[PDB]
Every structure is written in C-alpha cells, then in structure tokens.
Amino acid sequence: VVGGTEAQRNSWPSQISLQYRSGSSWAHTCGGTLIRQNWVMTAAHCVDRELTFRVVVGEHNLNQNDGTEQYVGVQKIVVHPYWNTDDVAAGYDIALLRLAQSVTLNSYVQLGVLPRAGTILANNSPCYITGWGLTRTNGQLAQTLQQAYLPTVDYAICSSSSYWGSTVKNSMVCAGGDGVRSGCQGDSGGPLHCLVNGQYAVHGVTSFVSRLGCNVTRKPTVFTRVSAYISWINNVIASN
Ligand SMILES: *[C@](=O)([C]([N]C(=O)[C]1[C][C][C]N1C(=O)[C]([N]C(=O)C1=[C][C]=C(C([O])=O)[C]=[C]1)[C]([C])[C])[C]([C])[C])C(F)(F)F
Ligand SMILES: [Ca+2]
C-alpha cells in the first residue's frame, strides 16, 4: 500500500497473509480474505505458481511475534476456470483456498462479509485497501499492516479514455487514482473493504496496477468485483 497509514490490530480481522516457502523460511507474497473458518479468497495470479503456501490469520507485523497468529496449511486451491495465467486484464482473477484446518475466531480473526450478488457501488464510495505490499513503487514490503482510503471510480468513468479505457471490465472495481495512494506489489489478493449501510463488506480482490507505477494519477488500482462471483464462490464451497 502506497500512501497508507498503520492499521489498528483489530480493524480488519478478515485480512490474511498468504506466504510461500523459501528454503527454510516463509515469505509474504499476497493478501487474502478469510471467508469461512476453512476457506480463503485471494487472487488467481497469487496461486497459479509453483510454490508451497501457507496462510497466516491474526497477523499484524510480518517480522515480529504478535501473540495472535494462527498458521495453517493450504489443502486445496480452486482457481476460477476462466482465469488465464498472466492475463490480468481478461479478468476472472479470483481463487479459493481450502485450509488444512479450521481457524478459531476472535477479535483478530473474523470472517469477511461479502456483498449480495450483483451489488454495484455508487461512484466515490468510501473504501479502504489493506495489505503488507510495497509502500512505494519499487520499494519494500511493509512490516505492519497498512490501510489507505481509496474511493471508488465507477465503471463509466473508469472505462473512459483518460482512465483505464477498455482494459477495465464490468467484473472489476476501480478505486483510487489520486496519484498518492494505491495498492502495490504484495497487496494482490487482499480485500477492498467498502462501507455500505453502516457495515464494511469486502467488495474487491486486489488485482493489478498500471505499467507506469503503483500510484499513478487517473490509473486507479483495479480489483476483481466480488459481487460478480457470489454464485461461483458458493458453488465451490458446497462442492468441496
Ligand atoms: C500483487 O500484489 C500486485 N499485482 C500485480 O503485480 C499484477 C499481477 C500481474 C502483473 N500485475 C500488475 O499489476 C502489472 N500490470 C499489468 O501486468 C497490466 C497492466 C495493464 C494491462 C492492460 O491491458 O491495460 C495489462 C496488464 C503491473 C505493471 C505491475 C499488486 C500491484 C496489486 C502481486 F502480484 F502479488 F504482486
Ligand atoms: Ca507477526
């Protein structure tokens, strides 16, 4: 997250860190959202790779014991069948992970609330991105979970020539674009939390940024629109 602020420990309890094994240690690579005690939602492009993964829930600081972490292996990965490897702009950038064991819920570990199917946010809706991703273009990962206010940019504006043009599909959400705040590498797969009728719900899965950098004016961060995939989510969970 570029332009972020440090999140409180208990603000975004559905956020997870998705890590891969690198020799003897584990490294953060993506975010995700806990959606059942044994299922995580993330981006397809995080998990279509030759790596071994684990999930950490209750995480705050990647490099220090928080006293709240639960570490769980990943037992099954289901990528959207229409995802095409390394083609983010085609969409379908979503995957579900069944965890090897159910996690326990507490003030640091809660399920993300999903929107109702088909829900679309008004332009300029209030949302926050969260993650441990780079804090500057070509920078380094955050140690502590960051948040940034990233209001939505609706489809009619986002798909206009001055923004993302025909790159953006209606199955995506755009947020931000002020040139100061954005997602960045390592935020992929995590939530976009938007305040609707008094409740934060996870409306986006962080997907991609511009070829010109993370924080680029009129190039909002682009997210998979969760509300376009609710039937798919429920079908996968029911079948596995
Ligand atoms: C995420 O944390 C990370 N996402 C990315 O880095 C994604 C994954 C593939 C590459 N990517 C990008 O965001 C890159 N953008 C594109 O590849 C791209 C831009 C525009 C178009 C088009 O058609 O208009 C097509 C592709 C940029 C150049 C890095 C973050 C940024 C959310 C993780 F992948 F884990 F690093
Ligand atoms: Ca920690």
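Is there a residue being within 16 Å of ligand 1 (Cβ to nearest atom) and either within 19 Å of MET41 (Cα to Cα) or assigned to a strand (DSSP E or B) (or both) anywhere in region 102-110?
At the first step, the residues of region 102-110 found to be within 16 Å of ligand 1 (Cβ to nearest atom) are none.
The answer is no, given that none of the residues of region 102-110 is within 16 Å of ligand 1 (Cβ to nearest atom) and either within 19 Å of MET41 (Cα to Cα) or assigned to a strand (DSSP E or B) (or both).
For residues that are surrounded by 15 or more Cβ atoms within 10 Å (Cβ to Cβ) and aliphatic (A, V, I, L, M), scanning just region 131-163, find the one that is farthest from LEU212 (Cα to Cα).
Here the answer is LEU145.
So which residues in region 60-73 are over 15 Å from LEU105 (Cβ atoms) and either more than 16 Å from ligand 1 (Cβ to nearest atom) or of a type in the set (D, E, K, R) (or both)? Write out each step before concluding.
Residues of region 60-73 that are over 15 Å from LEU105 (Cβ atoms), as a first pass: 60-67, 71, 73.
The answer is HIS60, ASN61, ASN63, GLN64, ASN65, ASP66, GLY67, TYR71, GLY73.
Among the numbered criteria (1) at positive phi; (2) out of contact with any strand residue (DSSP E or B) (no Cβ under 7 Å at 6 or more places or on another chain), which one does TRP83 miss?
In the conditions (1) at positive phi; (2) out of contact with any strand residue (DSSP E or B) (no Cβ under 7 Å at 6 or more places or on another chain), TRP83 misses (1) alone.
In region 162-203, what residues are away from ligand 1 (no atom under 15 Å from the Cβ), within 24 Å of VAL78 (Cα to Cα) and polar (S, T, N, Q)? Give the derivation first.
Step one: filter region 162-203 for residues away from ligand 1 (no atom under 15 Å from the Cβ), giving 170, 178-180, 193-203.
The next check asks that each one be within 24 Å of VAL78 (Cα to Cα); those that pass are 170, 193, 201-203.
Selection gives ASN170 alone.
Restricted to region 44-55, and to residues that are farther than 16 Å from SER188 by Cβ and under 20 Å from the mean Cα position of the chain (by Cα), which residue is nearest to ligand 2 (Cβ to nearest atom)? Before the answer, list the steps.
Filtering region 44-55 down to residues farther than 16 Å from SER188 by Cβ leaves 50, 52, 54.
Add one more test, that the residue is under 20 Å from the mean Cα position of the chain (by Cα), and what stays is 52, 54.
Numbers: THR52: 20, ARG54: 13 Å.
This residue is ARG54.
In this structure, does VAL78 turn out to be more than 16 Å from ligand 2 (Cβ to nearest atom), among the hydrophobic types (A, V, I, L, M, F, W, C), in contact (Cβ under 8 Å) with a residue 40 or more places away in the chain and within 25 Å of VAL209 (Cα to Cα)? Let's see the steps before the verdict.
On the way: more than 16 Å from ligand 2 (Cβ to nearest atom): yes; among the hydrophobic types (A, V, I, L, M, F, W, C): yes; in contact (Cβ under 8 Å) with a residue 40 or more places away in the chain: yes; within 25 Å of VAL209 (Cα to Cα): yes.
For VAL78, the condition - more than 16 Å from ligand 2 (Cβ to nearest atom), among the hydrophobic types (A, V, I, L, M, F, W, C), in contact (Cβ under 8 Å) with a residue 40 or more places away in the chain and within 25 Å of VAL209 (Cα to Cα) - is met.
Do the conditions hold for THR137, that is, is it in contact (Cβ under 8 Å) with a residue 24 or more places away in the chain and either in the same structural domain as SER17 (by CATH) or at positive phi (or both)? Steps first, answer last, please.
Values: in contact (Cβ under 8 Å) with a residue 24 or more places away in the chain: yes; either in the same structural domain as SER17 (by CATH) or at positive phi (or both): no.
So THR137 does not fit the description; no.
More than 16 Å from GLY91 (Cα to Cα) and more than 12 Å from ligand 1 (Cβ to nearest atom): does that describe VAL226?
Details: more than 16 Å from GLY91 (Cα to Cα): no; more than 12 Å from ligand 1 (Cβ to nearest atom): yes.
No.
Could you please give the count of residues in region 1-31 that are in a strand (DSSP E or B), surrounded by fewer than 24 Cβ atoms within 10 Å (Cβ to Cβ) and not assigned by CATH to the domain that holds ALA95? Don't jump to the end; show me each part of the working.
First, the residues of region 1-31 that are in a strand (DSSP E or B): 2, 5-6, 15-22, 25-31.
Checking the rest, the ones that are also surrounded by fewer than 24 Cβ atoms within 10 Å (Cβ to Cβ) come to 5-6, 19-22, 25-29.
Now drop any that are not not assigned by CATH to the domain that holds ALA95, which leaves 5-6.
The number of residues fulfilling the criteria is 2.
Out of the residues in region 121-142 that are out of contact with any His (no Cβ under 9 Å at 6 or more places or on another chain) and aliphatic (A, V, I, L, M), which is nearest to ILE230 (Cα to Cα)?
Result: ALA122.
Only one residue in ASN38, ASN63 is touching a residue at least 60 places away in the same chain (Cβ under 8 Å), more than 25 Å from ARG225 (Cα to Cα) and not assigned by CATH to the domain that holds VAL202. Which one?
Among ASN38, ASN63, only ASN63 is touching a residue at least 60 places away in the same chain (Cβ under 8 Å), more than 25 Å from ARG225 (Cα to Cα) and not assigned by CATH to the domain that holds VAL202.
Here Cβ is always computed from backbone atoms with ideal geometry, including for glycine, and neighbour counts include all displayed protein chains. What is reported rests on the model, the rules as stated and the sources as named; nothing here is a laboratory result.
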